[PDB]
Amino acid sequence: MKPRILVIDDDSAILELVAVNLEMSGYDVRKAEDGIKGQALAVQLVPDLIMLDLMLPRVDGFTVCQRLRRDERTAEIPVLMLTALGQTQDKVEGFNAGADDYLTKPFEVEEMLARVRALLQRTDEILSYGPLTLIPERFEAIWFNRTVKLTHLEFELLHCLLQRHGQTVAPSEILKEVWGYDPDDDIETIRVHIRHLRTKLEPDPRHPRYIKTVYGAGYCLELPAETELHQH
Amino acid sequence: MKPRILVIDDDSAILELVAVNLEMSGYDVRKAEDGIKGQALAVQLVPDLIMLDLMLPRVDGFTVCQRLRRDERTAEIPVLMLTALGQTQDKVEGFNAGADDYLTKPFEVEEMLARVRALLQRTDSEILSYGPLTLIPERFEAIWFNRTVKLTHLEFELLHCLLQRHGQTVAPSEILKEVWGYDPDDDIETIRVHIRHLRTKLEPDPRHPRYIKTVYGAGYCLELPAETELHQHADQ
Amino acid sequence: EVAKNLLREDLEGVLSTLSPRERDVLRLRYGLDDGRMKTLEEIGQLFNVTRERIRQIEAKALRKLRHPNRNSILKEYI
DNA sequence: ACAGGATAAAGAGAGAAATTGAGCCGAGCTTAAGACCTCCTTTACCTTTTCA
């Protein structure tokens with residue numbers, strides 16, 4: 001299902017901005033203009049996340065958060081507090097409110113969405129590194145400043161190695177990930193395609209620098225850090 | 001028990017400030033000055049929280065975080081990223097690293113402590129590094145002080161077996177059983193050969209080995225200096 | 001009804017062999033969970049990367065299943 | 001029963017889209033032999049210990 005988010009904020013313009021941005025991100029958004037309605041809706045809906053304003057009328061946001069934490073039905077719901085951040089006292093009371101995170105207003109939409117994603121990953125690919133950029137749509141690699149066309153299997157092999165950059169990948173793992181074959185199938189095919197990658201990517205395929213062979217362990221893709229590109 | 005916090009940061013001043021403030025808060029703090037040592041400590045200790053600077057040498061903070069997420073033993077450990085926060089691209093790459101939170105330097109100590117509390121409220125076995133050695137299993141390599149040494153598989157497993165028993169004498173029969181799985185009665189002479197290769201790779205003088213000692217009649221012992229003495233041995 | 005529960009299990013097994021992302025893609029592209037086949041664009045928005053990326057994953061998964069290994073029982077279901 | 005009238009809901013007419021499969025090719029892929037470089041084992045001969 002789509003994660004349910006309850007946004008509780010008395011600023012209709014902020015509330016609308018947040019709601020629009022969350023819906024564009026695929027969430028089920030519920031909106032509340034006050035802490036009393038917000039608490040009742042939280043109890044009724046059991047949303048997957050609460051974003052909670054601070055300056056609601058009649059009832060402060062801290063009391064709302066504390067009440068959500070006191071109801072067994074809401075005690076576990078994560079609370080992302082929106083705060084105007086200006087006084088050490090609101091800080092000290094949020095330190096007792098049971099907030100899960102804080103976000104300073106004005107916020108970037110991307111930061112908000114990052115926090116939402118992290119909270120949801122809590123309730124529940126490398127396409128570029130240094131000198132190598134993968135272009136899936138064209139099965140191509142940017143290798144330093146040259147474009148290199150790859151075959152489908154050559155590309156998938158290089159991607160599999162890039163996913164485990166700096167680690168040795170066993171031939172059986174390559175077989176499983178790229179070909180889906182049984183671990184005991186013939187690994188000799190891999191030995192061929194690694195060689196093509198070296199022919200395309202290394203300056204000297206006989207002394208491969210980046211696509212290393214670790215005898216008895218497999219192959220390792222070792223790439224220089226971006227700080228070293230100027231030397232290579 | 002006291003919660004274990006692993007702080008990984010190459011800035012000794014930030015690392016010290018953080019460690020002092022966490023200890024004042026009652027945590028057991030462990031410190032690592034580089035991403036490789038940090039990763040090895042995370043795997044060895046399974047800390048209750050990782051604080052991970054961004055710009056570590058030899059291994060970027062993103063690669064460290066991704067590798068922690070790839071290890072079943074560390075995949076669940078919360079990661080609070082310390083970042084110099086200045087470009088949306090580092091933002092975009094962190095958006096894929098699997099970081100749990102970010103904290104911009106300079107930070108207020110109270111904010112740091114709040115994040116630590118929230119991560120800890122949310123959360124609720126091999127020695128890979130000691131003194132001058134990091135073992136790098138994934139590459140069959142050893143960091144020895146600051147030099148990379150390529151090892152063969154049996155040499156690596158032998159060195160690891162000795163590291164597991166650092167400061168103790170390891171019997172040849174135990175090495176045969178653990179590394180080779182052989183019977184205690186098989187020829188131990190093969191081990192004697194491979195031990196010298198480790199000395200050839202690791203000792204300054206293979207004829208007068210300082211670290212890979214022979215305990216006559218008992219076996220081999222890896223004696224490593226404590227981290228406090230490293231400055232006296234690197235020049236060797 | 002008993003050749004229905006049995007089937008899904010067999011399919012799920014061969015699905016396990018595929019990479020996590022791949023199998024998720026397949027389940028969503030055929031509606032194995034919701035009965036509703038989803039487009040590219042719904043997974044383009046719901047999943048991390050956008051459209052024209054899920055198509056590649058679908059082909060790279062099917063090519064894994066199309067091999068005589070990891071999927072041969074279902075051949076008789078036809 | 002039979003005739004007239006009003007109407008809406010369900011068929012035929014066409015092209016344009018979208019697929020589609022078909023031949024005809026060479027690019028990707030596999031197979032097998034041979035060579036060829038690490039890693040390991042085990043030997044022959046030692047040096048180097050702890051001890052009577």
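Here are the numbers for the structure shown:
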read-out	value
Farthest toward positive dipole pole in the protein assembly as shown [+1 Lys/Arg, -1 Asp/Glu at C-beta], among A:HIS159, A:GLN121, B:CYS65	A:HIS159
Electrostatic dipole magnitude of chain B [Cβ: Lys, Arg +1; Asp, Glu -1; Cα centre; debye, to 20]	280 debye
Area projected by the alpha carbon convex hull of the stretch A:1-111, averaged over all directions, nm²	6.5 nm²
Dipole in debye (nearest 20) - the protein assembly as shown, about Cα centre, beta carbon charges: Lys, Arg +1; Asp, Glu -1	1260 debye
³J(HN,Hα), Karplus 6.51/-1.76/1.60, whole Hz, each residue of the stretch A:157-166, x for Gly, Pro	5, 5, 4, 4, 6, 5, 4, 10, 3, x
Three principal axis lengths of the protein assembly as shown [C-alpha, angstrom, descending]	82, 68, 53
Percent of Cα pairs exceeding the 19 Å cut-off, where the set is chain C	39 percent
Cβ-based net charge around B:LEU15, under 13 Å, with every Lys or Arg adding one and every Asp or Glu removing one	-4
Ratio of Rg to Rh over the stretch B:76-218 (Cα coordinates, Kirkwood Rh, two decimals)	1.17
Per-residue mean of C-beta atoms belonging to partner chains within 10 Å, peptide A:183-191	0
Where trypsin sites (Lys or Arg not before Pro) fall in DSSP loop in the stretch A:1-82, at most 12 other Cβ within 10 Å	A:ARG58, A:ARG73
Relative exposure of B:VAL79, A:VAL18, B:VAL149, judged by other C-beta atoms within 10 Å (fewest first)	B:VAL149, A:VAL18, B:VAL79
For the stretch A:61-156, convex hull volume per residue from C-alpha positions, Å³	162 Å³
Most to least packed among A:158-168, A:182-192, A:105-115, B:43-53 [average Cβ atoms within 10 Å]	B:43-53, A:158-168, A:105-115, A:182-192
For the stretch B:99-119 versus the stretch B:5-57, the gap between their alpha-carbon centres in whole angstrom	13 Å
DSSP-defined antiparallel bridges as percent of all bridges, the stretch B:51-140, nearest 5	25 percent
Rounded to the nearest 20 debye, dipole of chain C from Cβ charges on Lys, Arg, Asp, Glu	380 debye
For residues of A:176-182, the mean tally of beta carbons on other chains within 10 Å	6
Summed residue charge, Cβ within 12 Å of A:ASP60's Cβ, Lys/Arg positive, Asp/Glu negative	-3
Sites C:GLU76 and C:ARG51, calculated FRET efficiency, Cβ-Cβ separation with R0 25 Å, nearest 0.05	0.10
Over chain C: helical MRE at 222 nm, DSSP H runs n ≥ 4 each giving -39500 (n - 2.57), nearest 500	-18000 deg cm²/dmol
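Every number in this text was worked out from the coordinates using simple rules, so none of it is lab data. Neighbour counts run over all protein chains shown; Cβ positions are idealised from the backbone, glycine included.
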